[PDB]
file model10.cif (mmCIF, C-alpha atoms and all ligand atoms)
data_entry
loop_
_atom_site.label_atom_id
_atom_site.label_comp_id
_atom_site.auth_asym_id
_atom_site.auth_seq_id
_atom_site.Cartn_x
_atom_site.Cartn_y
_atom_site.Cartn_z
CA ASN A 1 -0.85 232.46 176.21
CA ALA A 2 -3.83 233.34 178.45
CA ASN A 3 -2.44 232.98 182.00
CA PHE A 4 -2.68 235.01 185.22
CA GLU A 5 0.78 236.58 185.01
CA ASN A 6 -0.25 237.95 181.60
CA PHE A 7 -3.75 238.94 182.75
CA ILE A 8 -2.37 241.06 185.62
CA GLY A 9 0.46 242.38 183.42
CA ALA A 10 -2.01 243.50 180.74
CA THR A 11 -4.60 245.05 183.10
CA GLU A 12 -3.28 246.43 186.43
CA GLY A 13 0.43 245.95 185.59
CA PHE A 14 3.24 245.24 188.07
CA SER A 15 4.74 247.64 190.61
CA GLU A 16 8.53 248.07 190.51
CA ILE A 17 8.71 245.99 193.72
CA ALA A 18 6.56 243.11 192.40
CA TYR A 19 8.51 242.95 189.13
CA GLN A 20 12.01 243.27 190.66
CA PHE A 21 11.27 240.86 193.53
CA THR A 22 9.72 238.26 191.21
CA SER A 23 12.68 238.55 188.83
CA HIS A 24 15.19 238.13 191.68
CA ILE A 25 13.39 235.17 193.24
CA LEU A 26 13.49 233.36 189.87
CA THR A 27 17.23 234.07 189.46
CA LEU A 28 17.89 232.59 192.92
CA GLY A 29 15.94 229.53 191.72
CA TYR A 30 18.25 228.75 188.81
CA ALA A 31 21.35 229.98 190.67
CA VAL A 32 20.68 227.44 193.45
CA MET A 33 20.10 224.68 190.86
CA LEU A 34 23.54 225.43 189.35
CA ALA A 35 25.19 225.26 192.80
CA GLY A 36 23.22 222.05 193.38
CA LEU A 37 24.51 220.61 190.11
CA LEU A 38 28.15 221.15 191.16
CA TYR A 39 27.48 219.75 194.63
CA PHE A 40 25.94 216.47 193.40
CA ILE A 41 28.72 216.05 190.81
CA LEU A 42 31.54 216.69 193.32
CA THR A 43 30.12 214.54 196.15
CA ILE A 44 29.16 211.52 194.00
CA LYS A 45 32.31 209.77 195.27
CA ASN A 46 31.11 210.00 198.90
CA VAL A 47 28.55 207.17 198.46
CA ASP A 48 28.91 203.46 197.65
CA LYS A 49 28.58 202.43 193.98
CA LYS A 50 25.20 200.82 194.64
CA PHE A 51 23.61 204.20 195.54
CA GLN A 52 25.29 206.38 192.91
CA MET A 53 22.29 206.27 190.54
CA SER A 54 20.49 208.51 193.08
CA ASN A 55 23.27 211.10 192.92
CA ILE A 56 23.21 210.80 189.11
CA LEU A 57 19.46 211.47 188.96
CA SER A 58 20.00 214.45 191.31
CA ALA A 59 22.60 215.87 188.89
CA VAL A 60 20.32 215.38 185.86
CA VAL A 61 17.38 217.04 187.65
CA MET A 62 19.74 219.94 188.44
CA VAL A 63 20.66 220.30 184.73
CA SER A 64 16.99 220.22 183.70
CA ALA A 65 15.97 222.67 186.46
CA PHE A 66 18.82 225.14 185.87
CA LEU A 67 18.16 225.36 182.12
CA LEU A 68 14.38 225.69 182.23
CA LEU A 69 14.26 227.93 185.34
CA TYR A 70 16.91 230.15 183.72
CA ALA A 71 14.78 230.30 180.54
CA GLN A 72 11.72 231.01 182.71
CA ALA A 73 13.58 233.85 184.44
CA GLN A 74 14.56 235.48 181.13
CA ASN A 75 10.95 235.05 179.98
CA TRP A 76 9.65 236.99 183.02
CA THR A 77 11.95 240.01 182.55
CA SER A 78 11.47 240.03 178.75
CA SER A 79 7.67 239.78 178.85
CA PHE A 80 6.95 242.89 180.94
CA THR A 81 8.28 246.41 180.30
CA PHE A 82 8.25 249.75 182.13
CA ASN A 83 5.84 252.59 181.29
CA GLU A 84 6.99 256.02 182.51
CA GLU A 85 3.48 257.53 182.45
CA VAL A 86 1.94 255.16 185.04
CA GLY A 87 5.29 254.03 186.52
CA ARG A 88 4.45 250.31 186.26
CA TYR A 89 5.53 247.31 184.14
CA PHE A 90 2.99 246.12 181.55
CA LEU A 91 2.75 243.07 179.28
CA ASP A 92 4.84 243.92 176.22
CA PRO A 93 3.31 243.31 172.74
CA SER A 94 6.81 243.30 171.19
CA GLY A 95 7.76 240.53 173.65
CA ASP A 96 7.14 236.77 173.69
CA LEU A 97 4.66 236.98 176.60
CA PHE A 98 5.01 235.00 179.83
CA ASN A 99 4.95 231.22 179.35
CA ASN A 100 4.30 228.60 182.06
CA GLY A 101 5.63 226.04 179.56
CA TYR A 102 9.19 226.13 180.92
CA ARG A 103 8.05 225.14 184.44
CA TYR A 104 5.51 222.48 183.40
CA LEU A 105 8.14 220.90 181.14
CA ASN A 106 10.63 220.96 184.05
CA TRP A 107 7.99 219.16 186.17
CA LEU A 108 7.30 216.62 183.40
CA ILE A 109 11.01 215.74 183.30
CA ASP A 110 11.88 216.10 186.99
CA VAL A 111 8.89 214.45 188.71
CA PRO A 112 9.65 210.92 187.38
CA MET A 113 13.35 211.15 188.24
CA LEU A 114 12.76 212.53 191.77
CA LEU A 115 10.33 209.67 192.51
CA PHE A 116 12.60 207.13 190.82
CA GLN A 117 15.82 208.02 192.61
CA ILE A 118 14.79 207.04 196.16
CA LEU A 119 14.38 203.47 194.87
CA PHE A 120 18.18 203.30 194.47
CA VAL A 121 18.88 204.26 198.09
CA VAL A 122 16.19 202.39 200.07
CA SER A 123 15.37 198.69 199.75
CA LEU A 124 11.73 197.65 199.36
CA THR A 125 10.50 194.66 201.40
CA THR A 126 7.24 193.19 200.07
CA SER A 127 6.74 195.54 197.08
CA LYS A 128 8.31 195.06 193.63
CA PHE A 129 10.70 197.67 192.20
CA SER A 130 8.99 197.50 188.79
CA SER A 131 5.48 197.93 190.25
CA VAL A 132 6.41 200.99 192.32
CA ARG A 133 8.42 202.51 189.45
CA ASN A 134 5.58 202.18 186.91
CA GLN A 135 3.02 203.53 189.40
CA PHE A 136 5.21 206.59 190.08
CA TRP A 137 6.01 207.27 186.41
CA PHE A 138 2.39 206.91 185.24
CA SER A 139 0.71 208.97 187.98
CA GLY A 140 3.56 211.50 187.92
CA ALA A 141 3.08 212.04 184.18
CA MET A 142 -0.73 212.07 184.42
CA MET A 143 -0.65 214.58 187.32
CA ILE A 144 1.50 217.06 185.36
CA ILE A 145 -0.47 216.57 182.13
CA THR A 146 -3.87 217.19 183.77
CA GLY A 147 -2.37 220.16 185.65
CA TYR A 148 -1.10 221.59 182.35
CA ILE A 149 -4.49 221.06 180.71
CA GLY A 150 -6.09 222.96 183.62
CA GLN A 151 -3.60 225.85 183.51
CA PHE A 152 -5.05 226.82 180.10
CA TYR A 153 -8.40 227.74 181.68
CA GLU A 154 -6.88 229.69 184.59
CA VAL A 155 -8.33 233.01 183.37
CA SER A 156 -10.74 231.78 180.67
CA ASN A 157 -12.72 229.19 182.65
CA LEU A 158 -11.97 229.02 186.38
CA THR A 159 -14.44 226.10 186.71
CA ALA A 160 -12.56 223.75 184.34
CA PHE A 161 -9.33 225.15 185.82
CA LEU A 162 -10.28 223.73 189.23
CA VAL A 163 -11.82 220.50 187.87
CA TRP A 164 -8.59 219.54 186.06
CA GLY A 165 -6.71 220.69 189.20
CA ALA A 166 -8.77 218.17 191.17
CA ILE A 167 -8.08 215.36 188.68
CA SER A 168 -4.38 216.26 188.92
CA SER A 169 -4.78 216.21 192.73
CA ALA A 170 -6.15 212.63 192.57
CA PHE A 171 -2.94 211.45 190.88
CA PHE A 172 -0.90 213.50 193.37
CA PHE A 173 -2.75 211.66 196.15
CA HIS A 174 -1.81 208.31 194.57
CA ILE A 175 1.89 209.30 194.45
CA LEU A 176 1.90 210.31 198.15
CA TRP A 177 0.30 206.94 198.99
CA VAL A 178 3.03 205.02 197.12
CA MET A 179 5.85 207.14 198.53
CA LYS A 180 4.44 206.48 202.02
CA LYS A 181 4.69 202.75 201.33
CA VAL A 182 8.20 203.01 199.83
CA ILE A 183 9.48 204.99 202.85
CA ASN A 184 7.90 202.63 205.42
CA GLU A 185 9.43 199.59 203.69
CA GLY A 186 12.75 201.47 203.35
CA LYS A 187 12.87 201.88 207.14
CA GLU A 188 12.63 198.16 208.00
CA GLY A 189 16.05 196.70 208.83
CA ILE A 190 18.12 199.89 208.49
CA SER A 191 19.94 201.68 211.34
CA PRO A 192 17.84 204.09 213.50
CA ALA A 193 19.99 206.92 212.10
CA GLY A 194 18.81 205.95 208.58
CA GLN A 195 15.21 205.71 209.81
CA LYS A 196 15.61 209.24 211.22
CA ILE A 197 16.66 210.59 207.81
CA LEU A 198 13.84 208.70 206.04
CA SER A 199 11.33 210.28 208.47
CA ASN A 200 12.75 213.72 207.58
CA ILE A 201 12.63 212.88 203.85
CA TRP A 202 8.93 212.00 204.14
CA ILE A 203 8.06 215.31 205.83
CA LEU A 204 10.13 217.30 203.32
CA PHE A 205 8.50 215.42 200.44
CA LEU A 206 4.97 215.89 201.86
CA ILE A 207 5.35 219.65 202.46
CA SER A 208 7.52 220.58 199.45
CA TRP A 209 5.30 218.78 196.90
CA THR A 210 2.07 220.20 198.38
CA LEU A 211 3.45 223.74 197.92
CA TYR A 212 2.96 223.28 194.14
CA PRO A 213 -0.87 222.84 194.16
CA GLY A 214 -0.85 225.69 196.72
CA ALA A 215 0.98 228.08 194.39
CA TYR A 216 -1.22 226.81 191.54
CA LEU A 217 -4.36 227.98 193.40
CA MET A 218 -2.55 230.90 195.08
CA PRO A 219 -4.34 233.69 193.11
CA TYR A 220 -7.83 232.47 194.08
CA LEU A 221 -7.19 231.63 197.77
CA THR A 222 -8.87 234.95 198.70
CA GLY A 223 -11.59 234.72 196.00
CA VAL A 224 -11.92 236.71 192.76
CA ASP A 225 -11.96 240.13 194.47
CA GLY A 226 -9.37 238.95 197.02
CA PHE A 227 -5.99 240.45 197.95
CA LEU A 228 -4.10 237.55 196.33
CA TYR A 229 -5.98 238.04 193.04
CA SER A 230 -3.43 240.61 191.90
CA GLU A 231 0.31 241.18 191.42
CA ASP A 232 0.72 239.95 195.03
CA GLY A 233 -0.72 236.52 194.09
CA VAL A 234 1.79 236.38 191.22
CA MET A 235 4.51 237.38 193.70
CA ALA A 236 3.42 234.72 196.22
CA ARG A 237 2.92 232.03 193.56
CA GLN A 238 6.42 232.42 192.10
CA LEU A 239 8.03 232.61 195.58
CA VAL A 240 6.32 229.39 196.74
CA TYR A 241 7.13 227.59 193.45
CA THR A 242 10.78 228.58 194.00
CA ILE A 243 10.75 227.42 197.64
CA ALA A 244 9.20 224.12 196.48
CA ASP A 245 11.77 223.71 193.69
CA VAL A 246 14.75 224.11 196.06
CA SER A 247 13.14 221.88 198.68
CA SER A 248 11.85 219.09 196.41
CA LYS A 249 14.99 218.90 194.28
CA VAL A 250 18.12 220.10 196.07
CA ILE A 251 17.30 219.46 199.76
CA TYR A 252 15.53 216.19 198.87
CA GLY A 253 18.68 215.17 196.97
CA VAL A 254 21.00 216.19 199.80
CA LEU A 255 18.97 214.12 202.30
CA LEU A 256 19.02 211.02 200.04
CA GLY A 257 22.82 211.36 199.69
CA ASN A 258 23.07 211.54 203.50
CA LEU A 259 20.83 208.46 203.84
CA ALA A 260 23.01 206.60 201.31
CA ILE A 261 26.14 207.38 203.39
CA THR A 262 24.58 205.97 206.59
CA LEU A 263 23.65 202.82 204.61
CA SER A 264 27.29 202.51 203.42
CA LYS A 265 28.34 202.45 207.11
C1 LIG A 301 10.80 219.42 190.79
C2 LIG A 301 9.36 219.74 190.45
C3 LIG A 301 8.35 219.13 191.08
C4 LIG A 301 8.59 218.11 192.16
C5 LIG A 301 6.97 219.49 190.71
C6 LIG A 301 5.91 218.94 191.30
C7 LIG A 301 4.59 219.40 190.88
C8 LIG A 301 3.46 218.99 191.47
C9 LIG A 301 3.48 218.00 192.60
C10 LIG A 301 2.19 219.56 190.97
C11 LIG A 301 1.02 219.23 191.51
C12 LIG A 301 -0.25 219.80 191.00
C13 LIG A 301 -1.39 219.40 191.57
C14 LIG A 301 -1.36 218.31 192.59
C15 LIG A 301 -2.74 220.00 191.23
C16 LIG A 301 -2.56 221.32 190.51
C17 LIG A 301 -1.59 221.14 189.36
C18 LIG A 301 -0.20 220.81 189.86
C19 LIG A 301 0.60 220.22 188.70
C20 LIG A 301 0.47 222.08 190.36
#
call {"tool": "encode", "arguments": {"input": "model10.cif", "output": "structure tokens"}}
result
Amino acid sequence: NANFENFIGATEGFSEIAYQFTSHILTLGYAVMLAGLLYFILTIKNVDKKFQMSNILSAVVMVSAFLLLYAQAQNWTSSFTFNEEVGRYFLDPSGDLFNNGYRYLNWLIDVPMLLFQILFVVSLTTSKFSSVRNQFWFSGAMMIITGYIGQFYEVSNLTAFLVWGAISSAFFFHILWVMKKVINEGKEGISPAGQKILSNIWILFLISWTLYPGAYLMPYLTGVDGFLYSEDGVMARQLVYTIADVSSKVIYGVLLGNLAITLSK
């Protein structure tokens, strides 16, 4: 499937470093998700019943993430193979080829649940649960779908690639706007400690989620002839994605659990 990983792998190839590093950073990804899974399971008892749906959604996200990131990892290593002559790893015809599908599926599943789960920890004031939920779920699904559409043109048609990226961005923008409202309403009438944690959650959410569109554009951030437009851009992209995954899923989940506990007090 015509993507950048495959482009680079089929033309320049990947240095030992780029291929080993990338492989290791992916393994950390799914490793951390597994640890996260066990954490959210074990600690579920630490929060009042009325918050436990958040912990549950954390656990489920962990399952999803671990399975698909693990599959992704195996895909990476399988797709590229070493050539003694040039001393680099090249896209392997006997392999399945690298597939972004695993990640974009993970997003499709995880995005709704991550947005949903905060609604079980914080209380809204003037907004309706059902309104916020539907707005999250819709825009979350649209954002990933348009992104996925765009990813097809990454190499083929960099114009459409960006256009769909921008449409995706629009939906992203809508999500941020709703989450801002949720968090602000969540703060009213809770302890300053809780407000502290909600402030932190916002920042983590804002940064961690923005990493994704960053890694999506990563290869072209230096132009077509740029440094990033290479195995290094693949390296960077996958690193950032992995940093975003851990942040947006595990750390996000941890913080919500901590918020829940202060609200039990
Ligand atoms: C746990 C996985 C998460 C939270 C994935 C989130 C993914 C995004 C917020 C993706 C955003 C994108 C854009 C805003 C434009 C470019 C295409 C995407 C999908 C990377």
call {"tool": "residues_around", "arguments": {"input": "model10.cif", "residues": "segment 213-227 of chain A", "least_positions_apart": "6", "cutoff": "6 Å", "atoms": "only C-alpha atoms", "output": "list in words"}}
result
residues 233, 237 and 240 of chain A
call {"tool": "closest_residue", "arguments": {"input": "model10.cif", "among": "A:184, A:75, A:262, A:58", "to": "ligand LIG 301 (chain A)", "atoms": "all atoms listed in the file"}}
result
A:58
call {"tool": "closest_atom_pairs", "arguments": {"input": "model10.cif", "of": "chain A", "to": "ligand LIG 301 (chain A)", "cutoff": "7 Å", "atoms": "only C-alpha atoms and all ligand atoms", "output": "Markdown table"}}
result
| residue | atom | partner | partner_atom | distance |
| --- | --- | --- | --- | --- |
| A:106 | CA | A:LIG301 | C2 | 6.6 |
| A:107 | CA | A:LIG301 | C2 | 4.5 |
| A:110 | CA | A:LIG301 | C1 | 5.2 |
| A:111 | CA | A:LIG301 | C4 | 5.0 |
| A:114 | CA | A:LIG301 | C4 | 7.0 |
| A:143 | CA | A:LIG301 | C19 | 5.9 |
| A:144 | CA | A:LIG301 | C19 | 4.7 |
| A:147 | CA | A:LIG301 | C17 | 3.9 |
| A:148 | CA | A:LIG301 | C19 | 6.7 |
| A:165 | CA | A:LIG301 | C16 | 4.4 |
| A:166 | CA | A:LIG301 | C15 | 6.3 |
| A:168 | CA | A:LIG301 | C15 | 4.7 |
| A:169 | CA | A:LIG301 | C14 | 4.0 |
| A:172 | CA | A:LIG301 | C14 | 4.9 |
| A:209 | CA | A:LIG301 | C9 | 4.7 |
| A:210 | CA | A:LIG301 | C9 | 6.3 |
| A:212 | CA | A:LIG301 | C20 | 4.7 |
| A:213 | CA | A:LIG301 | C20 | 4.1 |
| A:216 | CA | A:LIG301 | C20 | 5.2 |
| A:245 | CA | A:LIG301 | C1 | 5.3 |
| A:248 | CA | A:LIG301 | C4 | 5.4 |
| A:249 | CA | A:LIG301 | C1 | 5.5 |
call {"tool": "closest_residue", "arguments": {"input": "model10.cif", "among": "A:79, A:131, A:46, A:72", "to": "residue 10 of chain A", "atoms": "all atoms listed in the file"}}
result
A:79
call {"tool": "closest_residue", "arguments": {"input": "model10.cif", "among": "A:51, A:205, A:66, A:76", "to": "residue 252 of chain A", "atoms": "only C-alpha atoms"}}
result
A:205
call {"tool": "atom_distance", "arguments": {"input": "model10.cif", "atom1": "atom CA of residue 120 of chain A", "atom2": "atom CA of residue 132 of chain A"}}
result
12.2 Å
call {"tool": "atom_distance", "arguments": {"input": "model10.cif", "atom1": "atom CA of residue 180 of chain A", "atom2": "atom CA of residue 124 of chain A"}}
result
11.8 Å
call {"tool": "atom_distance", "arguments": {"input": "model10.cif", "atom1": "atom CA of residue 28 of chain A", "atom2": "atom CA of residue 207 of chain A"}}
result
20.4 Å
call {"tool": "residues_around", "arguments": {"input": "model10.cif", "residues": "segment 186-196 of chain A", "least_positions_apart": "5", "cutoff": "6 Å", "atoms": "only C-alpha atoms", "output": "count of residues only"}}
result
4
call {"tool": "closest_residue", "arguments": {"input": "model10.cif", "among": "A:54, A:1, A:228, A:150", "to": "residue 96 of chain A", "atoms": "all atoms listed in the file"}}
result
A:1
